[PDB]
There are 2 protein chains.
Amino acid sequence: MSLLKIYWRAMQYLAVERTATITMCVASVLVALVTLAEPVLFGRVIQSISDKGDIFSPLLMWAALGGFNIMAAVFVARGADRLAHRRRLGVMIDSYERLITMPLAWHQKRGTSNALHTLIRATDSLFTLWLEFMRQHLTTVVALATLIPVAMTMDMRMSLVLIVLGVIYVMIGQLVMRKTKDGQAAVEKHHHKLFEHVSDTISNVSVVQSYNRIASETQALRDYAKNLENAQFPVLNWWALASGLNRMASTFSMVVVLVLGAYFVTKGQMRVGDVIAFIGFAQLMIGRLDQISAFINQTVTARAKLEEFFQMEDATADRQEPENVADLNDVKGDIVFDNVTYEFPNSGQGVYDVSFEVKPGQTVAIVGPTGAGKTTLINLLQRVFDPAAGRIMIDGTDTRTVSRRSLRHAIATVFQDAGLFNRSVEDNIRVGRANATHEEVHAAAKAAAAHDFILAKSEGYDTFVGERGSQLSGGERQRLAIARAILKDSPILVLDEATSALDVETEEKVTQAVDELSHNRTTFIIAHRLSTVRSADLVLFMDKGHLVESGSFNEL
Amino acid sequence: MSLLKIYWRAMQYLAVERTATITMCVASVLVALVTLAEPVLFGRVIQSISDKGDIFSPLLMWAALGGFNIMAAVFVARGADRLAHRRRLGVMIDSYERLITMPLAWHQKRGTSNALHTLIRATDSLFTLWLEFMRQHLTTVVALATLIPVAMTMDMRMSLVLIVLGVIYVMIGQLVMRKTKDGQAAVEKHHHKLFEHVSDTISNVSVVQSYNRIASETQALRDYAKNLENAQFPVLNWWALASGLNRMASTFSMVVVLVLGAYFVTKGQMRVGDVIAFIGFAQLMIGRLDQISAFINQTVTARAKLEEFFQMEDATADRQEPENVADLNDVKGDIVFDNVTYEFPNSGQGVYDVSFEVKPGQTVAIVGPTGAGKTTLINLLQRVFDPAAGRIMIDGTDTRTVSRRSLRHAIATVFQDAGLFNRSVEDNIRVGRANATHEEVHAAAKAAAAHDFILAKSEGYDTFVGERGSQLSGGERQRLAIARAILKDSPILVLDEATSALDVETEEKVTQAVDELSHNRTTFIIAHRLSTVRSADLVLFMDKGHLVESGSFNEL
Ligand SMILES: Nc1ncnc2c1ncn2[C@@H]1O[C@H](COP(=O)(O)OP(=O)(O)O)[C@@H](O)[C@H]1O
Ligand SMILES: Nc1ncnc2c1ncn2[C@@H]1O[C@H](COP(=O)(O)OP(=O)(O)O)[C@@H](O)[C@H]1O
Ligand code: VO4
Ligand code: VO4
């Protein structure tokens with residue numbers, strides 16, 4: 001019975017615009033009161049024709065209440081829709097902020113692209129929840145609450161039947177939820193499997209289309225759809241049974257109310273006006289119960305997605321030290337490792353017992369066979385995740401006591417996978433300095449030879465590359481990344497696989513240019529080619545996370 | 001007014017299960033006729049008590065009609081829900097089939113990852129459309145069609161009231177659509193821009209989190225949200241105005257009906273039983289017209305997405321010559337290019353004036369500076385997209401006249417980006433021969449040195465890599481790709497960027513192993529390192545898509 005918890009969370013997210021929310025609630029209670037009082041006035045005026053006199057005023061009051069209901073309906077529709085859109089946008093904003101705030105391991109483990117789909121689905125479901133909940137729930141709940149005393153003061157037999165009617169509705173709701181929850185969980189897990197398979201297949205379309213695996217993959221997805229649709233039937237059957245049972249209850253209560261009114265015809269206190277007002281009350285409750293039953297169904301359907309979204313909301317517990325914490329500045333270059341190892345989750349390997357000191361003014365290149373632990377070493381230095389048990393002494397200062405904002409501000413790491421956005425070359429490069437100049441961009445590009453091939457094609461700089469540079473081949477993304485790194489101008493430059501299958505003349509030119517630019521500071525080289533480290537000062541080779549010699553520039 | 005075309009296309013997707021759909025329509029029309037007959041019998045039995053006699057039978061008949069209504073409601077709910085889910089799954093299946101059918105360029109230009117989101121959104125919108133449209137619209141349309149003659153045979157005064165009511169509703173609907181379509185289009189375009197920015201930011205979270213660009217990105221997305229909500233208010237304002245106007249129309253018509261019935265009380269033809277039955281008709285029409293107005297609102301909201309989906313469906317005009325087109329066999333290796341050049345859309349560069357012959361039994365290596373056109377040459381050899389003007393002579397046969405199914409069955413191309421699924425290592429490698437055996441898989445893996453570092457970690461071969469192999473580093477994706485290529489065992493091997501920044505010992509071992517495997521066939525080398533072509537027999541160098549010499553293995 002987590003429905004109440006879900007509704008509390010929804011109201012917590014919706015309790016931001018205090019003024020707008022309070023005005024909406026006031027409008028809802030007023031319109032509910034008007035809708036309840038309208039049949040009472042209708043009964044008044046129907047009984048009015050039995051006597052004789054100037055009883056035209058009650059009809060005027062009824063017309064005024066009708067016009068007031070119209071105006072209130074307009075205002076509540078407008079305000080509810082506006083509030084729903086504003087709060088949906090705000091929730092999306094804050095959720096996106098936390099989502100991009102998340103660390104790298106959490107994204108690589110689960111997120112990829114499923115996180116975006118979950119965010120969008122949860123956001124739209126919450127939008128629908130906010131709108132329909134607000135309107136229907138406030139109106140019908142206030143109507144029922146104001147109806148209880150009126151039914152208490154009027155004939156109590158009909159109220160006695162009506163409370164049993166409400167008991168019937170809540171009982172069938174409980175019954176359906178009990179018979180439906182397990183099937184809902186199974187359906188959700190099957191749908192997640194299906195969506196994951198679809199996303200994984202679409203994201204790798206070239207591989208699947210280059211191996212004649214279309215038939216096999218579509219048959220597997222057909223199997224997944226079969227598995228999902230196996231568990232879909234019982235829950236909808238139960239929903240149909242619930243709809244039929246409540247329809248039978250509504251018709252049964254209507255017949256009972258009609259018979260009671262017929263008995264009241266023989267003798268009673270009030271008139272056919274009260275009788276028909278009671279009938280109108282009954283039919284209004286029938287309709288609103290139908291809408292809230294449908295609403296309960298939609299809420300049950302979206303339950304699992306809302307639960308997952310709330311879990312990801314509360315999963316943001318990585319405290320960032322809001323208080324002013326010690327930063328670093330004027331990084332001349334002093335890097336010390338002290339017996340720092342890492343063990344992967346549910347795995348092993350990694351680095352083991354690594355320690356070395358870095359003096360300013362000289363560069364260090366790390367070489368060695370693949371899988372040794374060089375990339376994880378680099379992303380440990382930049383601290384994408386915290387080491388197991390060790391001290392990263394930078395400028396004689398631990399990496400744990402340094403704020404994240406200043407940690408990566410004075411660092412310059414090209415990635416092994418040079419990822420790029422789909423924006424223009426200007427936007428994709430001009431990220432190391434938001435206040436830079438086009439002359440600076442040209443100089444940075446010409447230092448990395450990423451301009452000589454772009455001035456002579458594709459509208460010069462203003463070219464929209466595709467996703468991950470899928471529109472200008474792939475031999476340019478490395479040049480663009482190294483140009484961006486040179487533009488960043490940081491004291492510590494990290495060349496992680498910046499030297500790859502390119503022209504040997506291009507490689508030597510890039511190496512000499514970055515040598516001339518980084519002679520003023522200390523920089524890191526992660527490459528297996530022995531021709532890109534002729535100017536290195538303290539080179540070391542690492543195997544399987546264990547150093548062997550870590551000797552001088554010239555070693556055997 | 002593409003609304004009718006949208007309904008026709010949706011129904012055409014729906015009327016596939018002819019038996020089930022026809023039964024659903026028959027059940028709906030029968031239950032609608034029953035619901036229309038109910039007030040008539042109610043008015044009869046209310047009028048029947050005016051006289052005296054054994055007139056208990058009409059009351060029992062009315063109860064039986066209510067029971068039929070209940071049972072038919074259950075039947076239509078269950079059948080409609082089941083058919084809707086089945087149709088949604090089938091539509092998703094076939095749309096996914098066409099989506100993966102598309103070539104690479106169409107995905108690189110527009111799809112990438114937005115296509116999946118569009119497909120999911122369109123599919124769920126179509127599900128909701130099918131369900132709600134079928135039930136509500138069919139019931140209410142049959143209701144109106146059966147109601148018009150009954151009221152025409154009864155007093156025509158209320159009939160003239162009713163037709164003006166309908167005219168008011170349809171005219172306000174047309175005016176609202178005219179005032180709202182432009183706002184809907186602007187909202188859709190802004191939403192698409194917002195989603196594109198969100199996806200581009202999330203997909204490359206490492207770069208944005210390693211460059212302190214979180215604040216700028218979130219502020220830009222806030223600006224996008226502001227721009228989106230600027231055009232968001234007028235449309236909802238117009239819908240609120242329309243809702244108020246139709247509420248006023250409904251109350252006004254109810255007032256008119258009450259006045260007409262009050263005059264009819266003085267004198268008329270039928271009784272208050274028929275009067276109140278017509279009152280029930282009026283309120284039922286009011287409610288159903290309100291629901292269908294809301295449905296029109298949802299259809300307008302989803303109209304742009306449905307239009308995009310239908311345009312994508314109709315864009316699938318890739319005729320594959322359904323008749324048996326001549327395939328290829330006896331593939332010993334005969335590849336000749338004859339003056340085939342390609343021009344990119346709205347660009348230049350590419351290959352120009354290429355002419356060379358391939359003799360079976362020898363390997364040919366393509367070298368040259370980056371951006372020359374080697375990757376595009378390779379993927380035209382595999383015919384990922386159709387060349388501009390020329391012939392690809394394979395085994396003395398043009399590549400156009402061979403079906404794509406068997407065209408790529410005798411090829412083995414490792415991509416520049418080694419794409420991998422998030423399945424196991426065994427499932428990711430065993431894709432060329434599903435009926436193969438573990439002995440073959442082990443031999444292929446140990447031939448490509450993708451076994452020595454996986455036999456002693458993570459449950460051996462049963463290791464679940466993440467997306468793009470983001471869980472076992474990146475020095476293994478190349479090994480897995482080359483192992484899979486060796487496993488495929490095709491006559492023409494293509495080592496496109498199969499050699500990269502790896503250990504020199506590992507590189508030389510891989511080269512000798514692939515040489516020994518491919519001695520019985522022909523293969524290509526796309527690499528800039530000069531150490532991987534010592535065993536080549538016919539080397540040529542291509543620059544800017546223009547050859548210079550294209551000589552033999554030994555050249556100056
Ligand atoms: N996300 C991960 N989960 C588990 N193990 C990993 C992960 N990323 C890398 N590894 C392990 O770390 C080892 C070294 O990876 P890496 O440092 O990225 O490559 P290299 O050692 O060539 O620089 C690999 O053998 C791999 O198994
Ligand atoms: N999708 C594309 N759209 C436009 N131009 C492209 C596309 N892909 C590649 N090119 C152009 O083709 C040239 C050669 O690319 P490619 O063959 O992939 O690399 P290489 O020449 O090193 O093999 C590049 O300079 C690039 O500008
Ligand atoms: O620019 V390349 O396609 O030779 O990596
Ligand atoms: O296997 V590596 O991360 O040294 O390219």
# chains A, B, ... in the order shown; residues from 1 in each chain; ligands from 1
$ residues_around --residues "residue 150 in chain A" --least-positions-apart "6" --cutoff "12 Å" --atoms "only C-alpha atoms" --output "list in words"
residues 33, 36, 37, 39, 40, 143, 144, 156, 158, 159, 274, 277, 278 and 281 of chain A
$ residues_near_ligand --ligand "ligand 2" --cutoff "10 Å" --atoms "only C-alpha atoms and all ligand atoms" --output "PyMOL selection string"
(chain A and resi 453-454+457-458+465-466+469-476+501-503) or (chain B and resi 104-106+108-109+342-351+366-379+416+496-497+526-528+542-545)
$ calpha_fit_rmsd --fixed "chain A" --moving "chain B"
0.3 Å
$ closest_residue --among "B:478, B:46, B:406, B:176" --to "ligand 4" --atoms "only C-alpha atoms and all ligand atoms"
B:478
$ closest_residue --among "B:178, B:521, B:430, B:18" --to "chain A" --atoms "only C-alpha atoms"
B:430
$ residues_around --residues "residue 300 in chain B" --least-positions-apart "5" --cutoff "10 Å" --atoms "only C-alpha atoms" --output "ChimeraX atom specification"
/B:3,177,180-181,184,294-295,305-306
$ atom_distance --atom1 "CA of residue 78 in chain B" --atom2 "CA of residue 240 in chain A"
5.7 Å
$ atom_distance --atom1 "CA of residue 287 in chain B" --atom2 "CA of residue 59 in chain A"
23.8 Å
$ residues_around --residues "residue 127 in chain A" --least-positions-apart "6" --cutoff "10 Å" --atoms "only C-alpha atoms" --output "list in words"
residues 10, 81, 83, 84, 85, 86, 87, 88, 89, 91, 121 and 133 of chain A
$ decode --residues "range 449-497 of chain B" --atoms "N, CA and C atoms" --output "PDB file, in the first residue's frame"
ATOM      1  N   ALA B 449      44.211 -13.683 -29.765  1.00  0.00           N
ATOM      2  CA  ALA B 449      44.733 -13.290 -28.455  1.00  0.00           C
ATOM      3  C   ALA B 449      43.674 -12.582 -27.613  1.00  0.00           C
ATOM      4  N   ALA B 450      42.424 -13.020 -27.748  1.00  0.00           N
ATOM      5  CA  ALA B 450      41.338 -12.483 -26.939  1.00  0.00           C
ATOM      6  C   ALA B 450      40.872 -13.533 -25.941  1.00  0.00           C
ATOM      7  N   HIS B 451      41.779 -14.436 -25.576  1.00  0.00           N
ATOM      8  CA  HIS B 451      41.471 -15.533 -24.670  1.00  0.00           C
ATOM      9  C   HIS B 451      42.439 -15.532 -23.496  1.00  0.00           C
ATOM     10  N   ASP B 452      43.671 -15.081 -23.737  1.00  0.00           N
ATOM     11  CA  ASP B 452      44.699 -15.148 -22.706  1.00  0.00           C
ATOM     12  C   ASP B 452      44.381 -14.239 -21.529  1.00  0.00           C
ATOM     13  N   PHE B 453      43.714 -13.113 -21.774  1.00  0.00           N
ATOM     14  CA  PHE B 453      43.379 -12.169 -20.718  1.00  0.00           C
ATOM     15  C   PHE B 453      41.940 -12.302 -20.244  1.00  0.00           C
ATOM     16  N   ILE B 454      41.216 -13.321 -20.699  1.00  0.00           N
ATOM     17  CA  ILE B 454      39.818 -13.479 -20.313  1.00  0.00           C
ATOM     18  C   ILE B 454      39.590 -14.867 -19.736  1.00  0.00           C
ATOM     19  N   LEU B 455      40.558 -15.765 -19.923  1.00  0.00           N
ATOM     20  CA  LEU B 455      40.438 -17.092 -19.332  1.00  0.00           C
ATOM     21  C   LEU B 455      40.613 -17.047 -17.822  1.00  0.00           C
ATOM     22  N   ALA B 456      41.258 -16.000 -17.308  1.00  0.00           N
ATOM     23  CA  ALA B 456      41.601 -15.906 -15.895  1.00  0.00           C
ATOM     24  C   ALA B 456      40.948 -14.700 -15.229  1.00  0.00           C
ATOM     25  N   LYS B 457      39.736 -14.345 -15.648  1.00  0.00           N
ATOM     26  CA  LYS B 457      39.036 -13.242 -15.009  1.00  0.00           C
ATOM     27  C   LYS B 457      37.551 -13.321 -15.323  1.00  0.00           C
ATOM     28  N   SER B 458      36.742 -12.917 -14.343  1.00  0.00           N
ATOM     29  CA  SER B 458      35.310 -12.680 -14.530  1.00  0.00           C
ATOM     30  C   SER B 458      34.602 -13.888 -15.136  1.00  0.00           C
ATOM     31  N   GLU B 459      34.677 -15.022 -14.441  1.00  0.00           N
ATOM     32  CA  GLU B 459      33.924 -16.224 -14.808  1.00  0.00           C
ATOM     33  C   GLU B 459      34.276 -16.707 -16.214  1.00  0.00           C
ATOM     34  N   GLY B 460      35.529 -16.507 -16.613  1.00  0.00           N
ATOM     35  CA  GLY B 460      35.963 -16.887 -17.942  1.00  0.00           C
ATOM     36  C   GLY B 460      35.237 -16.144 -19.046  1.00  0.00           C
ATOM     37  N   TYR B 461      34.726 -16.884 -20.028  1.00  0.00           N
ATOM     38  CA  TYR B 461      34.042 -16.279 -21.163  1.00  0.00           C
ATOM     39  C   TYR B 461      32.729 -15.610 -20.788  1.00  0.00           C
ATOM     40  N   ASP B 462      32.067 -16.066 -19.728  1.00  0.00           N
ATOM     41  CA  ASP B 462      30.760 -15.527 -19.349  1.00  0.00           C
ATOM     42  C   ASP B 462      30.956 -14.238 -18.558  1.00  0.00           C
ATOM     43  N   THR B 463      31.237 -13.160 -19.286  1.00  0.00           N
ATOM     44  CA  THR B 463      31.418 -11.833 -18.707  1.00  0.00           C
ATOM     45  C   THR B 463      30.469 -10.871 -19.410  1.00  0.00           C
ATOM     46  N   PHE B 464      29.632 -10.186 -18.635  1.00  0.00           N
ATOM     47  CA  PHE B 464      28.634  -9.274 -19.192  1.00  0.00           C
ATOM     48  C   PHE B 464      29.263  -7.899 -19.352  1.00  0.00           C
ATOM     49  N   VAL B 465      29.671  -7.578 -20.578  1.00  0.00           N
ATOM     50  CA  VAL B 465      30.145  -6.236 -20.886  1.00  0.00           C
ATOM     51  C   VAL B 465      28.947  -5.298 -20.889  1.00  0.00           C
ATOM     52  N   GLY B 466      29.190  -4.019 -20.641  1.00  0.00           N
ATOM     53  CA  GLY B 466      28.164  -3.005 -20.721  1.00  0.00           C
ATOM     54  C   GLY B 466      28.002  -2.507 -22.139  1.00  0.00           C
ATOM     55  N   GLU B 467      27.430  -1.315 -22.262  1.00  0.00           N
ATOM     56  CA  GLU B 467      27.278  -0.696 -23.569  1.00  0.00           C
ATOM     57  C   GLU B 467      28.645  -0.304 -24.112  1.00  0.00           C
ATOM     58  N   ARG B 468      28.906  -0.672 -25.367  1.00  0.00           N
ATOM     59  CA  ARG B 468      30.164  -0.361 -26.043  1.00  0.00           C
ATOM     60  C   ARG B 468      31.370  -0.894 -25.274  1.00  0.00           C
ATOM     61  N   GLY B 469      31.180  -1.982 -24.534  1.00  0.00           N
ATOM     62  CA  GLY B 469      32.256  -2.575 -23.765  1.00  0.00           C
ATOM     63  C   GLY B 469      32.808  -1.642 -22.708  1.00  0.00           C
ATOM     64  N   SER B 470      31.924  -0.892 -22.058  1.00  0.00           N
ATOM     65  CA  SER B 470      32.321   0.087 -21.058  1.00  0.00           C
ATOM     66  C   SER B 470      32.557  -0.529 -19.688  1.00  0.00           C
ATOM     67  N   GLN B 471      32.762  -1.842 -19.614  1.00  0.00           N
ATOM     68  CA  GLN B 471      33.023  -2.507 -18.350  1.00  0.00           C
ATOM     69  C   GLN B 471      34.308  -3.319 -18.334  1.00  0.00           C
ATOM     70  N   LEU B 472      34.974  -3.497 -19.475  1.00  0.00           N
ATOM     71  CA  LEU B 472      36.218  -4.263 -19.545  1.00  0.00           C
ATOM     72  C   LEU B 472      37.296  -3.437 -20.247  1.00  0.00           C
ATOM     73  N   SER B 473      37.241  -2.126 -20.043  1.00  0.00           N
ATOM     74  CA  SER B 473      38.196  -1.153 -20.604  1.00  0.00           C
ATOM     75  C   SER B 473      37.976  -1.103 -22.118  1.00  0.00           C
ATOM     76  N   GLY B 474      39.003  -0.770 -22.897  1.00  0.00           N
ATOM     77  CA  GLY B 474      38.841  -0.572 -24.322  1.00  0.00           C
ATOM     78  C   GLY B 474      39.953  -1.172 -25.154  1.00  0.00           C
ATOM     79  N   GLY B 475      40.897  -1.839 -24.499  1.00  0.00           N
ATOM     80  CA  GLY B 475      41.956  -2.516 -25.217  1.00  0.00           C
ATOM     81  C   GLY B 475      41.558  -3.915 -25.632  1.00  0.00           C
ATOM     82  N   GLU B 476      40.304  -4.279 -25.364  1.00  0.00           N
ATOM     83  CA  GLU B 476      39.794  -5.595 -25.709  1.00  0.00           C
ATOM     84  C   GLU B 476      38.764  -5.564 -26.823  1.00  0.00           C
ATOM     85  N   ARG B 477      38.166  -4.405 -27.107  1.00  0.00           N
ATOM     86  CA  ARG B 477      37.140  -4.353 -28.140  1.00  0.00           C
ATOM     87  C   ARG B 477      37.728  -4.678 -29.505  1.00  0.00           C
ATOM     88  N   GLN B 478      38.935  -4.183 -29.783  1.00  0.00           N
ATOM     89  CA  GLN B 478      39.590  -4.522 -31.041  1.00  0.00           C
ATOM     90  C   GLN B 478      39.866  -6.018 -31.132  1.00  0.00           C
ATOM     91  N   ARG B 479      40.338  -6.617 -30.038  1.00  0.00           N
ATOM     92  CA  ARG B 479      40.608  -8.050 -30.039  1.00  0.00           C
ATOM     93  C   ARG B 479      39.331  -8.844 -30.265  1.00  0.00           C
ATOM     94  N   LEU B 480      38.238  -8.442 -29.615  1.00  0.00           N
ATOM     95  CA  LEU B 480      36.969  -9.136 -29.807  1.00  0.00           C
ATOM     96  C   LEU B 480      36.462  -8.979 -31.233  1.00  0.00           C
ATOM     97  N   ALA B 481      36.593  -7.783 -31.804  1.00  0.00           N
ATOM     98  CA  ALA B 481      36.142  -7.574 -33.174  1.00  0.00           C
ATOM     99  C   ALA B 481      36.933  -8.436 -34.148  1.00  0.00           C
ATOM    100  N   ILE B 482      38.258  -8.483 -33.994  1.00  0.00           N
ATOM    101  CA  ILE B 482      39.045  -9.292 -34.918  1.00  0.00           C
ATOM    102  C   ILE B 482      38.785 -10.778 -34.694  1.00  0.00           C
ATOM    103  N   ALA B 483      38.556 -11.193 -33.446  1.00  0.00           N
ATOM    104  CA  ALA B 483      38.196 -12.583 -33.197  1.00  0.00           C
ATOM    105  C   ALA B 483      36.876 -12.933 -33.866  1.00  0.00           C
ATOM    106  N   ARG B 484      35.890 -12.040 -33.781  1.00  0.00           N
ATOM    107  CA  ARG B 484      34.606 -12.292 -34.423  1.00  0.00           C
ATOM    108  C   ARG B 484      34.750 -12.341 -35.938  1.00  0.00           C
ATOM    109  N   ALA B 485      35.583 -11.462 -36.497  1.00  0.00           N
ATOM    110  CA  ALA B 485      35.824 -11.493 -37.936  1.00  0.00           C
ATOM    111  C   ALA B 485      36.467 -12.806 -38.359  1.00  0.00           C
ATOM    112  N   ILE B 486      37.442 -13.289 -37.587  1.00  0.00           N
ATOM    113  CA  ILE B 486      38.057 -14.576 -37.897  1.00  0.00           C
ATOM    114  C   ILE B 486      37.036 -15.699 -37.759  1.00  0.00           C
ATOM    115  N   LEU B 487      36.149 -15.591 -36.770  1.00  0.00           N
ATOM    116  CA  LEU B 487      35.098 -16.585 -36.581  1.00  0.00           C
ATOM    117  C   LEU B 487      34.142 -16.635 -37.765  1.00  0.00           C
ATOM    118  N   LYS B 488      33.843 -15.485 -38.371  1.00  0.00           N
ATOM    119  CA  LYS B 488      32.905 -15.469 -39.489  1.00  0.00           C
ATOM    120  C   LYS B 488      33.419 -16.278 -40.674  1.00  0.00           C
ATOM    121  N   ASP B 489      34.728 -16.239 -40.934  1.00  0.00           N
ATOM    122  CA  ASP B 489      35.342 -17.034 -41.995  1.00  0.00           C
ATOM    123  C   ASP B 489      34.742 -16.750 -43.366  1.00  0.00           C
ATOM    124  N   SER B 490      34.894 -15.520 -43.847  1.00  0.00           N
ATOM    125  CA  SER B 490      34.424 -15.149 -45.171  1.00  0.00           C
ATOM    126  C   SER B 490      35.596 -15.038 -46.142  1.00  0.00           C
ATOM    127  N   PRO B 491      35.368 -15.254 -47.441  1.00  0.00           N
ATOM    128  CA  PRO B 491      36.492 -15.238 -48.393  1.00  0.00           C
ATOM    129  C   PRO B 491      37.223 -13.911 -48.463  1.00  0.00           C
ATOM    130  N   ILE B 492      36.535 -12.796 -48.234  1.00  0.00           N
ATOM    131  CA  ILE B 492      37.172 -11.487 -48.309  1.00  0.00           C
ATOM    132  C   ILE B 492      37.214 -10.852 -46.928  1.00  0.00           C
ATOM    133  N   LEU B 493      38.410 -10.761 -46.358  1.00  0.00           N
ATOM    134  CA  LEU B 493      38.589 -10.172 -45.041  1.00  0.00           C
ATOM    135  C   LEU B 493      38.996  -8.711 -45.172  1.00  0.00           C
ATOM    136  N   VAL B 494      38.400  -7.859 -44.344  1.00  0.00           N
ATOM    137  CA  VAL B 494      38.700  -6.432 -44.355  1.00  0.00           C
ATOM    138  C   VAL B 494      39.134  -6.025 -42.956  1.00  0.00           C
ATOM    139  N   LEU B 495      40.414  -5.707 -42.806  1.00  0.00           N
ATOM    140  CA  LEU B 495      40.981  -5.285 -41.532  1.00  0.00           C
ATOM    141  C   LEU B 495      41.028  -3.761 -41.491  1.00  0.00           C
ATOM    142  N   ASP B 496      39.852  -3.151 -41.375  1.00  0.00           N
ATOM    143  CA  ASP B 496      39.748  -1.695 -41.345  1.00  0.00           C
ATOM    144  C   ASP B 496      40.039  -1.206 -39.932  1.00  0.00           C
ATOM    145  N   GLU B 497      41.212  -0.598 -39.750  1.00  0.00           N
ATOM    146  CA  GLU B 497      41.649  -0.083 -38.452  1.00  0.00           C
ATOM    147  C   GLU B 497      41.651  -1.182 -37.393  1.00  0.00           C
TER     148      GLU B 497
END
